[PDB]
Amino acid sequence: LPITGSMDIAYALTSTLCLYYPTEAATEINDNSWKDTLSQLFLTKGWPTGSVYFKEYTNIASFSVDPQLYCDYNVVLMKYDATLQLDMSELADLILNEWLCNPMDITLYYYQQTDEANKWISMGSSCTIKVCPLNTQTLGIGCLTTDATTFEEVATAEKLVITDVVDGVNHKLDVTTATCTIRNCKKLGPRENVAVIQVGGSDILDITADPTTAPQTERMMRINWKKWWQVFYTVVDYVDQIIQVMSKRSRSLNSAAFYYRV
Amino acid sequence: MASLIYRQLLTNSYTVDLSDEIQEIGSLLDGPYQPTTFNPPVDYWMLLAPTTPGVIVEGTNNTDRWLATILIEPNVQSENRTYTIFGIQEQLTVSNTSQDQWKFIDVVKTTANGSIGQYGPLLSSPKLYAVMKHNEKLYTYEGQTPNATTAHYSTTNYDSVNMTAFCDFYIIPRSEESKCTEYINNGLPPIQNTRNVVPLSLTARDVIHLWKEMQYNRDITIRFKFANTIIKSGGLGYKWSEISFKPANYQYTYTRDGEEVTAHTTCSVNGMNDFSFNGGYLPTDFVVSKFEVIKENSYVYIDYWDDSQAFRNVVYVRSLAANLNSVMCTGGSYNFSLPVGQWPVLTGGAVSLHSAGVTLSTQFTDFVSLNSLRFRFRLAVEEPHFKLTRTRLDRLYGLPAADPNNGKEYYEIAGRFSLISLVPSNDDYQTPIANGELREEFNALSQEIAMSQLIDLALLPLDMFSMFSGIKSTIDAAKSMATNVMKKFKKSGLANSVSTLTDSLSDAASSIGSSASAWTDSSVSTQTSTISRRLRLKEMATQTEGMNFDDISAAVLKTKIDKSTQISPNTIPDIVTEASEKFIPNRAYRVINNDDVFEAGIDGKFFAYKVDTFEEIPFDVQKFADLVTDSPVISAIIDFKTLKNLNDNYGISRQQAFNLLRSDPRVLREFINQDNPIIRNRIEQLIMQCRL
Amino acid sequence: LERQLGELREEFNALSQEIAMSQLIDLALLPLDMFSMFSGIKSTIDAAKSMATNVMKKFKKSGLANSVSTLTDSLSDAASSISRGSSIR
Amino acid sequence: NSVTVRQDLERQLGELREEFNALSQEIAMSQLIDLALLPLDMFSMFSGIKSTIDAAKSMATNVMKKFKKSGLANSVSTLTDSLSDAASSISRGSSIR
Amino acid sequence: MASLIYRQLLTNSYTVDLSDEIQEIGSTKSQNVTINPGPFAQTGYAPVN
Amino acid sequence: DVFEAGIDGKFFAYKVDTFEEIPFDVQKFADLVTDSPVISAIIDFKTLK
């Protein structure tokens, strides 16, 4: 129900932090107690021991598979790629926003979209998603309704794709679901659990499927590097600002993800 | 207002006869079958589909005349052809002077080994024959189309003959001779209208056909093919005749998560086209009679059955839907082999089948009947052309009959089908896994209805759609639900009274009142009873205000429908028609004229009085006659006696009596909620009288 | 087809005098429908087809119909044109 | 006989909504009330669009089928149902208000 | 008065089913469509050895 | 005694000669509206006043 307060009156941490990290960082660090020293640092900042976790993913291609997010505060570090701007952006969207959705099945149904905030998610080892349009008597356009090869392509054996096609028209899809999963998902709103930091060059990042709006939100940030330790130290001795740019969760509940506190 | 429904039940009678017309055109063939030897059963036509060149049927008394029928390809000179006729190979000299149609010769041997004569020459395109051997006479057809009458012969034992058909047949009742003949002189009726579409044995012992709602959403891959018919033609094979589409049956086997499915499915197309490679009238030159190629204006039908814990419930069907997918039918190329020269190639062939709905049907097994499903599909052309090599046609699209199986052992369609089915259970469990009184029912259930709610319902006019949405059953029947109800209503006795009054009024334009109307058609009792019985049409004629009796009638009827459920989905019309007439025969009508009120009832009670005091005043017939002719009429839901009682027992307003005369419902329900035994008395007396 | 029309014309031109007027009014009181305008007809023959709809096939092309459509079209025109000035006198 | 070119995809609901909302500008009032008094009819519904053609025949029937499916029919039927149940001497339980 | 268009779109609604059956039964009993050859006969190369 | 109500949640009640309000019961309203010929209100009580 609606609320009430007053402006004439003024006002006179123990949660859990998530620091994911990529590999090449680790293989360049050359230490195993690095975690422990960093932890001692945070402890000097007062955040108690064990309140911090560390996770290592092999590469962006894999790590994009069903990302887990198990702190009420999540910060993801992302490398740069000279050609993988698009998939970096797909991950950026998947982790930056909250997706409420349903599991599909292309082999038995015709699907569609209804709103500018509805897209199709394709996650797995490798997917080649092909779409073929339909009319109001169920005959395709420029693709034949029995051939996979005539269909149009949007992704081939990619790890992840967030595709968008014209709403309001039924389609046929091509993929071997023996290789990955497909979710028809609506963007419920902004997700505040995650701050993404690009370690390197130019912020390609675009977090919405419109050319008219390309917002540089306060969560998609950028820093350059030659030695990872300085990066981690920027991460830590700025952690108050990083935590102030983000906020706690906002959503009631997703489909039962793991959440970890101590 | 509440009775406007009746006017609706009377308006669209015309629409009725359309559907019957639709039913009339909806109104089939019994067959075909695998040919057998038998006895023509009493009073049945044997209709015969001839394609194989030559003899068809033998008929012998074994002592008396022996008759046979032979079909003959065109373009055949005088040649002594050999045929096993009557069971013996005989040579007979036959030509075919016809070069535009096919010949039919009736082979008559007055004895077993006597002389043989050719009779009944028939020059036919439709390729059809028919026989009857009944009523002490032999009816076999003569005269070319369309004058394909039947001639009559007579010889003993009209009741024990064997018929030996070397062509497939159909059984027909006598009563449809007009169809029979019109079948013969107009052509094959559509193969889809047939009962035993696929070639099969002659078994005919199969079936011909509270609550709970169960869903069945399952996944099928139908496997189907096409079945060919190659009938060559005359000469030395220098002309083929036809290559067309015959109904096809075929089984297969697959999985549904372990529980494995064995299924039988059948294909049949409808509406193909007949091209031609019209060669020369010359004897020896390649020509076609008809090429069979389907166009996207035609259709295809697949008929499906198996057994399943799910599928065998499909008789009482609430809803049926399909969301199947479209599949390519790639054509094979027909090899020709002409007696000489290079052979032509009928190459190509490409189409696609697409989903356009589904209903229920009744396939036939070699031994049994099947609760089968009918998936109807539309077509789409596909790029790879048909080509007709060494010959004069290119750039064709569609499906040829060359090799629709194309070596493909079958075609498949993988999709989903959704069934909402009903099942009878006496409670909320014990669910099955397969498959007069009503008068007293209404009369009993009546005794508990409410009064205020009754009139409340009568204030919302009942109309066509808002009548029967309170009841739902098999979607097959409800397609004709208001249809059949009106079908009977147009034969209601009340409608007949409407017709009498109508034609009478018409005849008026060329008694009691001051001028002969149609309405002024101890004695005063009789004249009044006449007027009162006759008046009941004015309400149906929308000449009322407030409510009328028949409004309450429609109300109680709808209630009787909703509360009980023992009735049949097929029994509504009877009930509504009966209730329209029989209910409330003791009705009263009142009419007002400037402080002069008159009330006449069917039974013979008549009253007249003033506004304020309601004093008993004698009745003048001439006043009633000048009055009730034109001005609106008022349904005396309240009579004069309960009105006088209401007067003596309670103070009444000017508003009160004034509106009560016109009987607004408002003041009525008002008295009711005030809990007065008198208006409740009157209303309940109205209602409890409603017995069938 | 025109010929039966002319015969009926001659017939109607002489049955305008042998009609009654009082009963005429008292008839005009009651409302007519498809059911009482052509289903009480003393022509009792089969093939009595959709006399209503066959009537409709000719009625849907008579001048009154196109005129009614023109009237509705006018009323529509009235509701759109303000960006063009009142063009109807 | 020709390879059949395809249909034309009917204009989507959304821009349709926007454009009809747009046409609300040039609406006159006096004419609107005058028209609203007049009763139209089935014949007077469709006989003003490309005034007369068989093209898209039975359009009336199409509108009818799509119209019985909308919520309005559910609402009227449910109202009829509630009234009927009342006539059935409703069990006036604990939750009805 | 104008709202008649809405009320009656319920009123006559039953009619739809006819067309469906029409769209069904019409698709059932289609007559065989026929070709009629033109003023031209097709007798190309003759039977040739 | 004229009783107006809407879907917006506004309701009023007044005398037809001079248009000021008297106290309003929901029960009076409903028990009247159930049957009475409802005249749909273009010029609402706001615009009427």
# chains A, B, ... in the order shown; residues from 1 in each chain; ligands from 1
>>> interface_residues(of="chain A", to="chain D", cutoff="8 Å", atoms="only C-alpha atoms", output="PyMOL selection string")
chain A and resi 135-136+141+168
>>> interface_residues(of="chain B", to="chain C", cutoff="10 Å", atoms="only C-alpha atoms", output="ChimeraX atom specification")
/B:7,10-18,21,490,495-496,498-510,515-519,538,540-543,629-631
>>> write_last_selection(atoms="N, CA and C atoms", output="CSV table (one decimal), in the first residue's frame")
chain,number,residue,atom,x,y,z
B,7,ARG,N,-40.2,-14.5,-29.8
B,7,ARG,CA,-40.1,-13.8,-31.1
B,7,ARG,C,-38.8,-14.2,-31.9
B,10,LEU,N,-39.1,-17.4,-33.3
B,10,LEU,CA,-40.0,-17.4,-34.5
B,10,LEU,C,-39.4,-16.6,-35.6
B,11,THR,N,-38.3,-15.9,-35.5
B,11,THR,CA,-37.9,-15.0,-36.6
B,11,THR,C,-37.1,-15.8,-37.6
B,12,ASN,N,-36.1,-16.5,-37.3
B,12,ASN,CA,-35.1,-17.0,-38.3
B,12,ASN,C,-35.5,-18.4,-38.8
B,13,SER,N,-36.7,-18.8,-38.7
B,13,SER,CA,-37.2,-20.0,-39.3
B,13,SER,C,-36.6,-20.2,-40.7
B,14,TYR,N,-36.4,-19.2,-41.5
B,14,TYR,CA,-35.8,-19.3,-42.8
B,14,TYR,C,-34.4,-19.9,-42.7
B,15,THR,N,-33.6,-19.4,-41.9
B,15,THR,CA,-32.3,-20.0,-41.6
B,15,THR,C,-32.4,-21.5,-41.4
B,16,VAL,N,-33.4,-21.9,-40.7
B,16,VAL,CA,-33.6,-23.3,-40.5
B,16,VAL,C,-33.5,-24.1,-41.8
B,17,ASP,N,-34.3,-23.8,-42.7
B,17,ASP,CA,-34.4,-24.7,-43.9
B,17,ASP,C,-33.1,-24.6,-44.7
B,18,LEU,N,-32.2,-23.6,-44.5
B,18,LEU,CA,-30.9,-23.6,-45.1
B,18,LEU,C,-30.1,-24.8,-44.6
B,21,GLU,N,-31.4,-27.8,-45.9
B,21,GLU,CA,-30.8,-27.8,-47.2
B,21,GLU,C,-29.3,-28.2,-47.1
B,490,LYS,N,-41.1,-24.0,-35.6
B,490,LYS,CA,-41.9,-23.7,-36.8
B,490,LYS,C,-43.0,-24.6,-37.1
B,495,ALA,N,-47.4,-21.6,-33.4
B,495,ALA,CA,-47.1,-21.0,-34.7
B,495,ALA,C,-48.2,-21.1,-35.7
B,496,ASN,N,-48.9,-22.3,-35.6
B,496,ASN,CA,-50.1,-22.5,-36.5
B,496,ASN,C,-51.2,-21.5,-36.1
B,498,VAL,N,-50.6,-18.5,-35.0
B,498,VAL,CA,-50.1,-17.3,-35.6
B,498,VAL,C,-50.5,-17.3,-37.1
B,499,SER,N,-50.3,-18.4,-37.7
B,499,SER,CA,-50.6,-18.4,-39.2
B,499,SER,C,-52.1,-18.2,-39.4
B,500,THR,N,-52.9,-18.8,-38.6
B,500,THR,CA,-54.4,-18.7,-38.7
B,500,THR,C,-54.8,-17.2,-38.5
B,501,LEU,N,-54.3,-16.6,-37.4
B,501,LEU,CA,-54.6,-15.2,-37.2
B,501,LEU,C,-54.1,-14.3,-38.3
B,502,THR,N,-52.9,-14.6,-38.8
B,502,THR,CA,-52.3,-13.8,-39.9
B,502,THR,C,-53.1,-13.9,-41.2
B,503,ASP,N,-53.4,-15.1,-41.7
B,503,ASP,CA,-54.1,-15.2,-42.9
B,503,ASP,C,-55.5,-14.6,-42.7
B,504,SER,N,-56.1,-14.9,-41.6
B,504,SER,CA,-57.4,-14.3,-41.3
B,504,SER,C,-57.4,-12.8,-41.4
B,505,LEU,N,-56.5,-12.1,-40.7
B,505,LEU,CA,-56.4,-10.7,-40.8
B,505,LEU,C,-56.2,-10.3,-42.2
B,506,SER,N,-55.5,-11.1,-43.0
B,506,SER,CA,-55.4,-10.8,-44.4
B,506,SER,C,-56.7,-10.8,-45.1
B,507,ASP,N,-57.5,-11.8,-44.8
B,507,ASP,CA,-58.8,-12.0,-45.4
B,507,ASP,C,-59.8,-10.9,-44.9
B,508,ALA,N,-59.4,-10.2,-43.8
B,508,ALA,CA,-60.3,-9.1,-43.3
B,508,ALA,C,-60.3,-8.0,-44.3
B,509,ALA,N,-59.2,-7.7,-45.0
B,509,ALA,CA,-59.1,-6.6,-45.9
B,509,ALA,C,-60.0,-6.6,-47.1
B,510,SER,N,-60.8,-7.7,-47.2
B,510,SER,CA,-61.8,-7.8,-48.3
B,510,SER,C,-63.1,-8.2,-47.8
B,515,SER,N,-67.1,-2.6,-35.9
B,515,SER,CA,-66.7,-2.8,-37.2
B,515,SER,C,-65.9,-4.1,-37.3
B,516,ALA,N,-66.2,-4.9,-38.3
B,516,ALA,CA,-65.6,-6.3,-38.4
B,516,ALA,C,-64.1,-6.2,-38.4
B,517,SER,N,-63.5,-6.6,-37.3
B,517,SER,CA,-62.1,-6.8,-37.2
B,517,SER,C,-61.8,-8.3,-37.3
B,518,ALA,N,-60.6,-8.7,-37.1
B,518,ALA,CA,-60.3,-10.1,-36.9
B,518,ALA,C,-60.4,-10.4,-35.4
B,519,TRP,N,-60.3,-9.4,-34.5
B,519,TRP,CA,-60.2,-9.7,-33.1
B,519,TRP,C,-61.5,-9.9,-32.4
B,538,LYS,N,-51.2,-11.2,-29.3
B,538,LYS,CA,-50.8,-9.8,-29.3
B,538,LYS,C,-49.4,-9.7,-28.6
B,540,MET,N,-46.8,-11.9,-28.3
B,540,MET,CA,-45.9,-12.3,-29.3
B,540,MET,C,-45.8,-11.2,-30.4
B,541,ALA,N,-46.8,-10.5,-30.6
B,541,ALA,CA,-46.8,-9.4,-31.6
B,541,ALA,C,-46.4,-8.1,-31.0
B,542,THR,N,-45.7,-8.2,-29.8
B,542,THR,CA,-45.0,-7.0,-29.3
B,542,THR,C,-45.9,-5.8,-29.2
B,543,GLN,N,-47.0,-5.9,-28.4
B,543,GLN,CA,-48.0,-4.9,-28.2
B,543,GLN,C,-48.2,-4.7,-26.7
B,629,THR,N,-59.2,-3.7,-29.4
B,629,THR,CA,-58.8,-3.9,-30.8
B,629,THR,C,-57.4,-3.4,-31.1
B,630,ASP,N,-57.1,-2.1,-30.6
B,630,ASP,CA,-55.9,-1.4,-31.1
B,630,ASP,C,-54.9,-1.0,-30.0
B,631,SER,N,-55.4,-0.4,-28.9
B,631,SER,CA,-54.6,0.1,-27.9
B,631,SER,C,-53.8,-1.0,-27.2
>>> atom_distance(atom1="atom CA of residue C:56", atom2="atom CA of residue D:63")
20.7 Å
>>> closest_residue(among="A:251, A:119, A:92, A:80", to="residue A:216", atoms="only C-alpha atoms")
A:92
>>> closest_atom_pairs(of="chain B", to="chain D", cutoff="8 Å", atoms="only C-alpha atoms", output="tab-separated table")
residue	atom	partner	partner_atom	distance
B:381	CA	D:3	CA	6.7
B:382	CA	D:3	CA	7.7
B:383	CA	D:3	CA	7.4
B:396	CA	D:1	CA	7.1
B:397	CA	D:3	CA	7.1
B:448	CA	D:89	CA	7.5
B:449	CA	D:88	CA	5.9
B:450	CA	D:89	CA	5.6
B:451	CA	D:87	CA	7.9
B:453	CA	D:87	CA	4.8
B:454	CA	D:87	CA	5.4
B:456	CA	D:83	CA	7.7
B:457	CA	D:83	CA	6.0
B:466	CA	D:77	CA	6.1
B:469	CA	D:77	CA	6.7
B:470	CA	D:81	CA	6.7
B:558	CA	D:84	CA	7.8
B:559	CA	D:84	CA	6.4
B:562	CA	D:84	CA	7.5
B:563	CA	D:88	CA	6.7
>>> select_by_dssp(residues="chain D", states="helix (DSSP H, G or I)", output="PyMOL selection string")
chain D and resi 13-23+30-37+43-46+59-68+71-87
>>> interface_residues(of="chain E", to="chain B", cutoff="8 Å", atoms="only C-alpha atoms", output="NGL selection string")
:E and (10-11 or 13-14 or 17-18 or 22 or 25 or 27-35 or 41-44 or 46-49)
>>> residues_around(residues="residue D:31", least_positions_apart="3", cutoff="9 Å", atoms="only C-alpha atoms", output="PyMOL selection string")
(chain C and resi 75-80) or (chain D and resi 27-28+34-36)
>>> closest_atom_pairs(of="chain B", to="chain A", cutoff="8 Å", atoms="only C-alpha atoms", output="tab-separated table")
residue	atom	partner	partner_atom	distance
B:323	CA	A:109	CA	7.7
B:326	CA	A:145	CA	6.3
B:327	CA	A:146	CA	5.7
B:328	CA	A:146	CA	6.2
B:354	CA	A:138	CA	7.4
B:414	CA	A:108	CA	7.9
B:415	CA	A:108	CA	6.0
B:416	CA	A:108	CA	6.6
>>> interface_residues(of="chain F", to="chain B", cutoff="12 Å", atoms="only C-alpha atoms", output="PyMOL selection string")
chain F and resi 31-37
>>> write_last_selection(atoms="N, CA and C atoms", output="PDB file, in the first residue's frame")
ATOM      1  N   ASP F  31     -31.107  -0.849  -4.384  1.00  0.00           N
ATOM      2  CA  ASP F  31     -32.450  -1.404  -4.432  1.00  0.00           C
ATOM      3  C   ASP F  31     -33.308  -0.651  -5.436  1.00  0.00           C
ATOM      4  N   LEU F  32     -32.910   0.574  -5.784  1.00  0.00           N
ATOM      5  CA  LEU F  32     -33.622   1.267  -6.852  1.00  0.00           C
ATOM      6  C   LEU F  32     -33.086   0.905  -8.230  1.00  0.00           C
ATOM      7  N   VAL F  33     -31.768   0.813  -8.372  1.00  0.00           N
ATOM      8  CA  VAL F  33     -31.187   0.690  -9.703  1.00  0.00           C
ATOM      9  C   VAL F  33     -31.441  -0.695 -10.269  1.00  0.00           C
ATOM     10  N   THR F  34     -31.564  -1.697  -9.391  1.00  0.00           N
ATOM     11  CA  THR F  34     -31.755  -3.080  -9.831  1.00  0.00           C
ATOM     12  C   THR F  34     -32.746  -3.184 -10.983  1.00  0.00           C
ATOM     13  N   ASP F  35     -33.843  -2.437 -10.916  1.00  0.00           N
ATOM     14  CA  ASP F  35     -34.934  -2.564 -11.871  1.00  0.00           C
ATOM     15  C   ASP F  35     -35.104  -1.311 -12.718  1.00  0.00           C
ATOM     16  N   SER F  36     -35.070  -0.138 -12.087  1.00  0.00           N
ATOM     17  CA  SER F  36     -35.466   1.144 -12.657  1.00  0.00           C
ATOM     18  C   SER F  36     -34.868   1.370 -14.036  1.00  0.00           C
ATOM     19  N   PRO F  37     -35.543   2.114 -14.905  1.00  0.00           N
ATOM     20  CA  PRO F  37     -34.962   2.405 -16.214  1.00  0.00           C
ATOM     21  C   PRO F  37     -33.757   3.309 -16.067  1.00  0.00           C
TER      22      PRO F  37
END
>>> select_by_dssp(residues="stretch 11-48 of chain F", states="strand (DSSP E or B)", output="ChimeraX atom specification")
/F:11-14,21
>>> closest_atom_pairs(of="chain D", to="chain E", cutoff="8 Å", atoms="only C-alpha atoms", output="JSON lines")
{"residue": "D:36", "atom": "CA", "partner": "E:2", "partner_atom": "CA", "distance": 5.6}
{"residue": "D:37", "atom": "CA", "partner": "E:1", "partner_atom": "CA", "distance": 6.0}
{"residue": "D:38", "atom": "CA", "partner": "E:2", "partner_atom": "CA", "distance": 6.1}
{"residue": "D:39", "atom": "CA", "partner": "E:2", "partner_atom": "CA", "distance": 4.4}
{"residue": "D:40", "atom": "CA", "partner": "E:2", "partner_atom": "CA", "distance": 5.8}
{"residue": "D:41", "atom": "CA", "partner": "E:5", "partner_atom": "CA", "distance": 6.2}
{"residue": "D:42", "atom": "CA", "partner": "E:5", "partner_atom": "CA", "distance": 7.1}
{"residue": "D:45", "atom": "CA", "partner": "E:5", "partner_atom": "CA", "distance": 8.0}
{"residue": "D:61", "atom": "CA", "partner": "E:16", "partner_atom": "CA", "distance": 5.8}
{"residue": "D:62", "atom": "CA", "partner": "E:16", "partner_atom": "CA", "distance": 7.9}
{"residue": "D:64", "atom": "CA", "partner": "E:13", "partner_atom": "CA", "distance": 5.9}
{"residue": "D:65", "atom": "CA", "partner": "E:16", "partner_atom": "CA", "distance": 6.0}
{"residue": "D:67", "atom": "CA", "partner": "E:9", "partner_atom": "CA", "distance": 7.1}
{"residue": "D:68", "atom": "CA", "partner": "E:10", "partner_atom": "CA", "distance": 6.7}
{"residue": "D:73", "atom": "CA", "partner": "E:10", "partner_atom": "CA", "distance": 7.5}
>>> interface_residues(of="chain C", to="chain D", cutoff="10 Å", atoms="only C-alpha atoms", output="list in words")
residues 60, 61, 65, 66, 68, 69, 70, 71, 72, 73, 74, 75, 76, 77, 78, 79, 80, 81, 82, 83 and 84 of chain C
>>> atom_distance(atom1="atom CA of residue B:310", atom2="atom CA of residue B:421")
10.3 Å
>>> residues_around(residues="residue A:79", least_positions_apart="5", cutoff="12 Å", atoms="only C-alpha atoms", output="list in words")
residues 21, 22, 23, 24, 25, 57, 58, 59, 60, 61, 84, 85, 88, 196, 197, 198, 199, 200, 201, 202, 203, 204, 222, 223, 224, 225, 228 and 231 of chain A
>>> write_last_selection(atoms="N, CA and C atoms", output="CSV table (one decimal), in the first residue's frame")
chain,number,residue,atom,x,y,z
A,21,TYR,N,35.9,-13.7,-11.3
A,21,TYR,CA,37.0,-13.3,-12.0
A,21,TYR,C,37.4,-14.2,-13.2
A,22,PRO,N,38.0,-13.7,-14.2
A,22,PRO,CA,38.4,-14.5,-15.4
A,22,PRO,C,39.8,-15.2,-15.1
A,23,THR,N,40.1,-16.1,-16.0
A,23,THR,CA,41.3,-17.0,-15.8
A,23,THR,C,42.6,-16.3,-16.0
A,24,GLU,N,42.9,-15.8,-17.2
A,24,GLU,CA,44.2,-15.2,-17.5
A,24,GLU,C,44.7,-14.3,-16.4
A,25,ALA,N,43.8,-13.6,-15.7
A,25,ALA,CA,44.1,-12.9,-14.5
A,25,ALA,C,44.8,-13.9,-13.5
A,57,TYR,N,35.8,-18.5,-13.8
A,57,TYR,CA,35.2,-19.1,-15.0
A,57,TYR,C,36.3,-19.1,-16.1
A,58,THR,N,36.2,-20.1,-17.0
A,58,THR,CA,37.2,-20.3,-18.0
A,58,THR,C,37.2,-19.2,-19.0
A,59,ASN,N,36.1,-19.0,-19.7
A,59,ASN,CA,36.1,-17.9,-20.7
A,59,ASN,C,34.7,-17.4,-20.8
A,60,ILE,N,34.6,-16.3,-21.5
A,60,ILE,CA,33.3,-15.6,-21.7
A,60,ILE,C,32.3,-16.5,-22.4
A,61,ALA,N,32.8,-17.2,-23.4
A,61,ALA,CA,31.9,-18.1,-24.2
A,61,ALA,C,31.2,-19.1,-23.3
A,84,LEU,N,34.3,-9.9,-30.2
A,84,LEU,CA,33.2,-10.5,-29.5
A,84,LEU,C,32.4,-9.5,-28.8
A,85,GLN,N,32.2,-8.3,-29.4
A,85,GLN,CA,31.4,-7.3,-28.8
A,85,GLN,C,30.0,-7.7,-28.5
A,88,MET,N,29.6,-10.3,-25.7
A,88,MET,CA,29.8,-9.5,-24.4
A,88,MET,C,28.5,-8.7,-24.1
A,196,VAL,N,29.1,-4.3,-13.7
A,196,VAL,CA,30.0,-4.9,-14.7
A,196,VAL,C,31.2,-3.9,-14.9
A,197,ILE,N,32.4,-4.3,-14.9
A,197,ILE,CA,33.6,-3.5,-15.1
A,197,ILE,C,34.4,-4.1,-16.3
A,198,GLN,N,34.6,-3.3,-17.3
A,198,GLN,CA,35.3,-3.8,-18.5
A,198,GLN,C,36.8,-3.4,-18.2
A,199,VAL,N,37.7,-4.4,-18.3
A,199,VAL,CA,39.1,-4.2,-18.0
A,199,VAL,C,39.8,-4.1,-19.3
A,200,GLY,N,40.0,-2.9,-19.8
A,200,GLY,CA,40.6,-2.7,-21.1
A,200,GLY,C,40.2,-1.5,-21.9
A,201,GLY,N,39.7,-1.7,-23.1
A,201,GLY,CA,39.5,-0.6,-24.0
A,201,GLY,C,38.2,0.1,-24.0
A,202,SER,N,37.5,0.2,-25.1
A,202,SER,CA,36.4,1.1,-25.3
A,202,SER,C,35.1,0.4,-25.0
A,203,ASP,N,34.3,1.1,-24.3
A,203,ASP,CA,33.0,0.5,-23.8
A,203,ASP,C,32.0,0.4,-24.9
A,204,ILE,N,32.1,-0.8,-25.6
A,204,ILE,CA,31.2,-1.2,-26.6
A,204,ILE,C,29.7,-1.3,-26.1
A,222,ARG,N,34.3,1.1,-16.6
A,222,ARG,CA,35.5,0.8,-17.5
A,222,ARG,C,36.8,1.3,-16.8
A,223,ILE,N,37.8,0.4,-16.9
A,223,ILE,CA,39.1,0.7,-16.4
A,223,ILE,C,40.2,0.0,-17.2
A,224,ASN,N,41.4,0.6,-17.3
A,224,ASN,CA,42.5,0.1,-18.1
A,224,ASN,C,43.5,-0.5,-17.1
A,225,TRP,N,44.4,-1.3,-17.7
A,225,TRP,CA,45.2,-2.2,-16.8
A,225,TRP,C,46.5,-2.6,-17.6
A,228,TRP,N,47.3,-7.0,-12.9
A,228,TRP,CA,46.0,-7.2,-12.4
A,228,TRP,C,45.9,-6.7,-10.9
A,231,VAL,N,44.3,-3.5,-10.6
A,231,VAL,CA,42.9,-3.7,-10.8
A,231,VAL,C,42.1,-4.1,-9.6
>>> residues_around(residues="stretch 4-20 of chain F", least_positions_apart="2", cutoff="12 Å", atoms="only C-alpha atoms", output="VMD selection string")
chain F and resid 1 to 2 22 to 26 28 to 30 32 to 33 38 to 49
>>> residues_around(residues="residue B:60", least_positions_apart="2", cutoff="8 Å", atoms="only C-alpha atoms", output="ChimeraX atom specification")
/B:58,62-67,86,161-163
>>> write_last_selection(atoms="N, CA and C atoms", output="tab-separated table (two decimals), in the first residue's frame")
chain	number	residue	atom	x	y	z
B	58	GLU	N	-21.24	-61.56	-63.50
B	58	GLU	CA	-21.97	-62.70	-64.03
B	58	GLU	C	-23.21	-62.86	-63.18
B	62	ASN	N	-28.61	-70.49	-63.08
B	62	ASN	CA	-28.04	-71.81	-63.34
B	62	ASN	C	-28.93	-72.65	-64.23
B	63	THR	N	-30.14	-72.18	-64.54
B	63	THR	CA	-31.03	-72.85	-65.47
B	63	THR	C	-31.58	-71.85	-66.49
B	64	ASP	N	-31.84	-70.64	-66.03
B	64	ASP	CA	-32.57	-69.64	-66.80
B	64	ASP	C	-31.57	-68.74	-67.53
B	65	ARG	N	-31.97	-67.59	-68.08
B	65	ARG	CA	-31.07	-66.70	-68.79
B	65	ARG	C	-29.85	-66.35	-67.94
B	66	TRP	N	-28.74	-66.04	-68.61
B	66	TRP	CA	-27.48	-65.68	-67.98
B	66	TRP	C	-27.06	-64.32	-68.55
B	67	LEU	N	-27.00	-63.32	-67.69
B	67	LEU	CA	-26.71	-61.94	-68.06
B	67	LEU	C	-25.33	-61.53	-67.55
B	86	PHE	N	-19.29	-65.62	-67.43
B	86	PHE	CA	-20.11	-66.60	-66.72
B	86	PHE	C	-19.28	-67.73	-66.15
B	161	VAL	N	-30.04	-65.73	-57.02
B	161	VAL	CA	-28.97	-65.60	-58.01
B	161	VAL	C	-27.68	-65.23	-57.31
B	162	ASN	N	-26.55	-65.69	-57.85
B	162	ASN	CA	-25.24	-65.20	-57.47
B	162	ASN	C	-24.80	-64.13	-58.45
B	163	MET	N	-24.22	-63.05	-57.93
B	163	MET	CA	-23.65	-62.00	-58.74
B	163	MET	C	-22.13	-62.02	-58.61
>>> residues_around(residues="stretch 124-134 of chain B", least_positions_apart="6", cutoff="6 Å", atoms="only C-alpha atoms", output="list in words")
residues 45, 46, 47, 48, 49, 50, 101, 102, 140, 158, 184 and 187 of chain B
